[PDB]
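Q: Below you'll find the structure I mean.
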Amino acid sequence: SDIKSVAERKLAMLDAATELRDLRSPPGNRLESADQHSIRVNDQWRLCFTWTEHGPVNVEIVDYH
Amino acid sequence: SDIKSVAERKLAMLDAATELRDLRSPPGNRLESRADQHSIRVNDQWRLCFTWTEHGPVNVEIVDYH
Amino acid sequence: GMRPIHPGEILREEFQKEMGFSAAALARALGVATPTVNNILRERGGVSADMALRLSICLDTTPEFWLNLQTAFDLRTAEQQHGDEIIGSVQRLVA
Amino acid sequence: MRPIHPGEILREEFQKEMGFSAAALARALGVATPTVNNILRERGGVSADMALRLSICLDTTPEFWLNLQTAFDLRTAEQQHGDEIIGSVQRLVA
């Protein structure tokens with residue numbers, strides 16, 4: 001529930017990811033879009049990133065409105 | 001002993017490395033040159049060249065000096 | 001490294017909560033006994049290389065994804081519980 | 001390709017060139033000698049705890065050792081039970 005705890009968990013997943021499917025498959029990520037993709041942290045915030053052979057790079061937060 | 005087996009092991013270490021010390025510390029690597037390219041001994045003839053990044057070994061090549 | 005994140009937390013919160021399966025349903029898909037999935041969901045036990053493969057095939061992930069989370073969790077845990085104890089004990093053999 | 005036990009690294013890439021016995025290493029890490037030899041003789045794995053001791057002892061990262069253990073367990077599993085697992089597991093996610 002807690003946004004901090006969710007963020008920590010999304011970050012964990014980003015660091016653990018090995019293929020884009022690791023971030024696209026979990027439906028709790030609601031992954032949207034070599035282009036930049038993003039995962040839902042909650043209703044307001046998303047983690048943007050570029051997928052690379054070496055994992056996630058240029059990670060940022062975005063509040064689309 | 002076998003060169004292929006040693007190569008396999010060096011590739012294993014390269015993939016497993018999290019920090020440059022992981023490649024510098026094993027004396028079997030005889031690491032030579034932190035952003036500059038480095039190389040580890042495979043045997044007396046062959047060395048793996050590579051560049052270290054935050055995200056691990058990049059541009060892995062073989063070089064035989066000379 | 002912040003708090004340790006058990007792979008069971010990812011499983012529960014990022015798959016189970018949104019999809020809705022029961023522990024037993026996942027166990028049936030993976031081909032394992034239901035308590036093995038509980039153990040993980042309740043964060044009572046780790047994920048094996050074997051369980052990692054089953055999860056990866058079942059849930060469209062890589063097996064390393066699950067072992068990486070297990071790695072980071074075991075390691076954060078050890079550093080919290082025994083870190084200060086170990087760094088004061090071990091003799092350094094390599095410069 | 002072949003599974004590479006973290007013990008092979010310890011033996012071939014450290015122990016051989018340095019020279020220490022299993023006991024000397026064991027003393028340095030603060031563990032019973034059979035724990036180290038299990039590893040060196042590739043009969044058991046490296047725990048997070050062991051990885052910490054190793055990384056401090058040998059100037060590496062602890063993830064270095066766990067990554068080797070991870071790759072090893074996974075290659076092993078894959079070529080022992082891989083087809084058995086891919087043939088039987090039900091796919092719940094697109």
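Note on naming: chains are A, B, ... as they come in the structure tokens, residues start from 1 per chain, ligands start from 1 in the order shown.
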Could you name the residues that touch residue D:84 at 12 Å or less, counting only C-alpha atoms, but leaving out those on the same chain fewer than 4 positions away, as a list in words?
A: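 Final neighbour list, sorted by chain and number: residues 30, 31, 50, 53, 54 and 57 of chain C; 77, 78, 79, 80, 88 and 89 of chain D.
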Q: Please check the contacts: residues of chain B at most 9 Å away from chain D, using only C-alpha atoms, listed as a CSV table (one decimal) with C-alpha atoms, in the first residue's frame.
A:
chain,number,residue,atom,x,y,z
B,8,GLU,CA,34.7,-20.5,-19.9
B,9,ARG,CA,35.7,-19.6,-16.4
B,12,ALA,CA,31.9,-16.7,-16.0
B,13,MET,CA,33.7,-14.2,-13.8
B,15,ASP,CA,29.5,-11.9,-16.3
B,16,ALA,CA,29.4,-12.3,-12.5
B,17,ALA,CA,31.5,-9.2,-11.7
B,18,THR,CA,29.8,-6.4,-9.8
B,19,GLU,CA,32.8,-4.2,-9.2
B,20,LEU,CA,36.2,-3.9,-10.9
B,21,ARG,CA,37.8,-5.5,-7.8
B,22,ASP,CA,36.0,-8.7,-8.7
B,23,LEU,CA,38.3,-8.9,-11.8
B,24,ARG,CA,41.4,-7.3,-10.2
B,25,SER,CA,41.5,-9.4,-7.0
B,26,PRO,CA,41.8,-12.9,-8.3
B,27,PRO,CA,45.6,-13.3,-8.9
B,28,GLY,CA,44.8,-15.8,-11.7
B,29,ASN,CA,43.4,-12.8,-13.7
Q: Produce a table with one row for each residue of chain D that has an atom at most 7 Å from any atom of chain C, each row naming the nearest atom pair and its distance in Å at one decimal; use only C-alpha atoms; arrange rows by chain and rising residue number; format as a tab-separated table.
A:
residue	atom	partner	partner_atom	distance
D:28	CA	C:91	CA	4.6
D:29	CA	C:90	CA	5.0
D:30	CA	C:90	CA	6.2
D:48	CA	C:75	CA	5.2
D:49	CA	C:78	CA	5.8
D:53	CA	C:90	CA	6.4
D:56	CA	C:92	CA	6.6
D:57	CA	C:92	CA	4.3
D:58	CA	C:94	CA	4.9
D:59	CA	C:94	CA	6.0
D:66	CA	C:71	CA	6.6
D:70	CA	C:67	CA	6.6
D:73	CA	C:49	CA	5.7
D:74	CA	C:49	CA	5.2
D:77	CA	C:50	CA	5.9
D:85	CA	C:54	CA	6.5
D:86	CA	C:57	CA	6.9
D:89	CA	C:30	CA	5.1
D:90	CA	C:29	CA	4.5
D:91	CA	C:58	CA	4.3
D:92	CA	C:58	CA	5.6
D:93	CA	C:59	CA	4.9
D:94	CA	C:60	CA	6.8
Q: Check the smallest atom-to-atom distance from each of B:54, B:2, B:44, B:32 to chain A using only C-alpha atoms, then report the winner.
A: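 The shortest atom-to-atom distance to chain A comes from B:54.
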Q: Using only C-alpha atoms, I'd like every residue of chain B that has an atom within 10 Å of chain A; please write them out as JSON, numbers by chain.
A: {"B": [54, 55, 56, 57, 58]}
Q: Write the residues you've just listed into a file as a short mmCIF file (atom, residue, chain, number, x, y, z; two decimals), in the first residue's frame, and include C-alpha atoms for each of them.
A:
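For reference, result_36.cif as written:
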data_model
loop_
_atom_site.label_atom_id
_atom_site.label_comp_id
_atom_site.auth_asym_id
_atom_site.auth_seq_id
_atom_site.Cartn_x
_atom_site.Cartn_y
_atom_site.Cartn_z
CA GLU B 54 28.73 0.67 -13.88
CA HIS B 55 26.73 -2.07 -15.57
CA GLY B 56 29.60 -4.55 -15.95
CA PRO B 57 32.13 -5.60 -18.62
CA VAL B 58 31.52 -4.10 -22.07
#
Q: Within 9 Å of chain D, which residues of chain A show up? Give each one with its shortest atom-to-atom distance in Å (one decimal) and the two atoms involved, counting only C-alpha atoms, rows by chain then rising residue number, as JSON lines.
A:
{"residue": "A:25", "atom": "CA", "partner": "D:93", "partner_atom": "CA", "distance": 6.9}
{"residue": "A:26", "atom": "CA", "partner": "D:93", "partner_atom": "CA", "distance": 8.4}
{"residue": "A:27", "atom": "CA", "partner": "D:93", "partner_atom": "CA", "distance": 8.9}
Q: Please, could you write that set of residues out with N, CA and C atoms as a CSV table (one decimal), in the first residue's frame?
A:
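See part_10.csv below for the written result:
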chain,number,residue,atom,x,y,z
A,25,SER,N,5.7,-8.4,-17.6
A,25,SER,CA,4.8,-9.5,-17.2
A,25,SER,C,4.0,-9.2,-15.9
A,26,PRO,N,4.6,-8.7,-14.9
A,26,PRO,CA,3.9,-8.4,-13.6
A,26,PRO,C,2.8,-7.4,-13.9
A,27,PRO,N,1.5,-7.8,-13.7
A,27,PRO,CA,0.4,-6.9,-14.0
A,27,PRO,C,0.4,-5.7,-13.1
Q: Taking the chain letters and numbering used in this document, name the residues of stretch 8-51 of chain B that DSSP puts in helix (DSSP H, G or I), as a list in words.
A: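 Of stretch 8-51 of chain B, only residues 8, 9, 10, 11, 12, 13, 14, 15, 16, 21, 22, 23, 24, 27, 28 and 29 of chain B fall in helix (DSSP H, G or I).
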Q: Set the distance at 12 Å and use only C-alpha atoms: which residues neighbour residue A:2 once local chain neighbours fewer than 6 positions away are removed? I'd like the list as an mmCIF file with N, CA and C atoms, in the first residue's frame.
A:
data_model
loop_
_atom_site.group_PDB
_atom_site.id
_atom_site.type_symbol
_atom_site.label_atom_id
_atom_site.label_comp_id
_atom_site.auth_asym_id
_atom_site.auth_seq_id
_atom_site.Cartn_x
_atom_site.Cartn_y
_atom_site.Cartn_z
ATOM 1 N N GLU A 8 10.173 1.060 -3.300
ATOM 2 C CA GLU A 8 11.317 0.241 -2.965
ATOM 3 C C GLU A 8 11.236 -1.077 -3.710
ATOM 4 N N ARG A 9 10.012 -1.575 -3.840
ATOM 5 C CA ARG A 9 9.753 -2.843 -4.477
ATOM 6 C C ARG A 9 9.927 -2.768 -6.009
ATOM 7 N N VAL A 41 3.891 3.048 -10.260
ATOM 8 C CA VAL A 41 4.163 2.981 -8.829
ATOM 9 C C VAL A 41 2.825 3.123 -8.104
ATOM 10 N N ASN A 42 2.029 4.111 -8.512
ATOM 11 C CA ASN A 42 0.626 4.195 -8.103
ATOM 12 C C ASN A 42 -0.195 5.031 -9.096
#
Q: Show which residues sit within 7 Å of residue A:17, as a count of residues only. Count only C-alpha atoms, and ignore same-chain residues fewer than 4 positions away.
A: 5
Q: Would you pick out the contacts of stretch 43-52 of chain A at 8 Å or less, using only C-alpha atoms, so that residues sharing its chain but fewer than 5 positions from it are not included, and give the list as an MDAnalysis selection string?
A: chainID A and resid 20 34:38 57:64
Q: Restricted to C-alpha atoms, what would the selected residues look like written as a tab-separated table (two decimals), in the first residue's frame?
A:
chain	number	residue	atom	x	y	z
A	20	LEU	CA	12.03	-6.70	-20.66
A	34	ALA	CA	14.31	0.10	-27.09
A	35	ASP	CA	11.99	3.06	-26.56
A	36	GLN	CA	11.35	4.31	-23.04
A	37	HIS	CA	8.87	2.32	-20.98
A	38	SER	CA	7.40	2.94	-17.56
A	57	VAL	CA	19.08	2.89	-17.57
A	58	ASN	CA	18.12	6.59	-17.19
A	59	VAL	CA	15.56	5.85	-14.52
A	60	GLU	CA	13.32	8.81	-13.63
A	61	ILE	CA	9.96	9.55	-12.02
A	62	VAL	CA	7.11	11.04	-14.00
A	63	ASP	CA	3.71	12.24	-12.90
A	64	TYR	CA	1.67	12.40	-16.11
Q: Give me the residues near residue B:3 as an NGL selection string, where near means some atom within 12 Å (using only C-alpha atoms) and where sequence neighbours in that chain fewer than 6 positions away do not count.
A: :B and (9-10 or 41-47)
Q: To one decimal in Å, tell me the separation between atom CA of residue D:33 and atom CA of residue C:84.
A: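 For atom CA of residue D:33 relative to atom CA of residue C:84, the distance reads 22.4 Å.
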Q: If DSSP is run on the backbone, what residues of chain A are strand (DSSP E or B)? A reply as a ChimeraX atom specification would be ideal.
A: /A:32,36-40,46-50,57-62
Q: For N, CA and C atoms, I'd like the residues from the last selection saved as a short mmCIF file (atom, residue, chain, number, x, y, z; two decimals), in the first residue's frame.
A:
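Contents of result-v8.cif, as written:
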data_model
loop_
_atom_site.label_atom_id
_atom_site.label_comp_id
_atom_site.auth_asym_id
_atom_site.auth_seq_id
_atom_site.Cartn_x
_atom_site.Cartn_y
_atom_site.Cartn_z
N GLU A 32 3.81 0.39 -19.69
CA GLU A 32 3.41 1.11 -20.90
C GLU A 32 4.62 1.71 -21.61
N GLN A 36 11.56 4.25 -24.47
CA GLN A 36 11.35 4.31 -23.04
C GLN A 36 10.05 3.60 -22.68
N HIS A 37 10.07 2.91 -21.55
CA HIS A 37 8.87 2.32 -20.98
C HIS A 37 8.73 2.84 -19.56
N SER A 38 7.60 2.53 -18.93
CA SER A 38 7.40 2.94 -17.56
C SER A 38 6.53 1.93 -16.82
N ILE A 39 6.65 1.91 -15.49
CA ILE A 39 5.83 1.06 -14.66
C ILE A 39 5.07 1.87 -13.61
N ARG A 40 3.84 1.45 -13.33
CA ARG A 40 3.03 2.14 -12.35
C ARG A 40 3.58 1.94 -10.94
N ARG A 46 4.99 7.24 -11.94
CA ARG A 46 5.52 6.16 -12.74
C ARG A 46 7.03 6.27 -12.80
N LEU A 47 7.68 5.12 -12.82
CA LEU A 47 9.11 5.05 -13.09
C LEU A 47 9.34 4.91 -14.59
N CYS A 48 9.88 5.95 -15.23
CA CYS A 48 10.37 5.86 -16.61
C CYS A 48 11.78 5.28 -16.66
N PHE A 49 12.07 4.57 -17.75
CA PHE A 49 13.40 4.00 -17.99
C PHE A 49 13.58 3.55 -19.44
N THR A 50 14.84 3.42 -19.86
CA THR A 50 15.14 2.80 -21.15
C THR A 50 15.66 1.38 -20.93
N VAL A 57 18.17 1.75 -17.58
CA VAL A 57 19.08 2.89 -17.57
C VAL A 57 18.26 4.19 -17.68
N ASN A 58 18.82 5.30 -17.20
CA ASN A 58 18.12 6.59 -17.19
C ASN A 58 16.79 6.52 -16.47
N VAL A 59 16.80 6.00 -15.25
CA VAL A 59 15.56 5.85 -14.52
C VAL A 59 15.13 7.21 -13.94
N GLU A 60 13.85 7.54 -14.08
CA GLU A 60 13.32 8.81 -13.63
C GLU A 60 11.90 8.62 -13.11
N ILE A 61 11.37 9.61 -12.39
CA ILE A 61 9.96 9.55 -12.02
C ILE A 61 9.20 10.56 -12.85
N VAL A 62 7.96 10.21 -13.18
CA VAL A 62 7.11 11.04 -14.00
C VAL A 62 5.74 10.99 -13.39
#
Q: Enter the distance from atom CA of residue D:40 to atom CA of residue D:11, in Å, rounded to one decimal.
A: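 Distance reported for this atom pair: 5.8 Å.
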Q: Please list as a list in words every residue within 6 Å of stretch 3-8 of chain C, counting only C-alpha atoms and excluding residues in the same chain fewer than 2 positions away.
A: residues 10, 11, 40, 41, 43, 69, 73 and 76 of chain C
Q: For atom CA of residue C:62 and atom CA of residue A:19, quote the distance in Å rounded to one decimal.
A: 6.9 Å
Q: For a quick check of understanding, using only C-alpha atoms, which of C:44, C:13, C:24, C:33 has the smallest distance to chain A?
A: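 For chain A, the nearest of the given residues is C:13.
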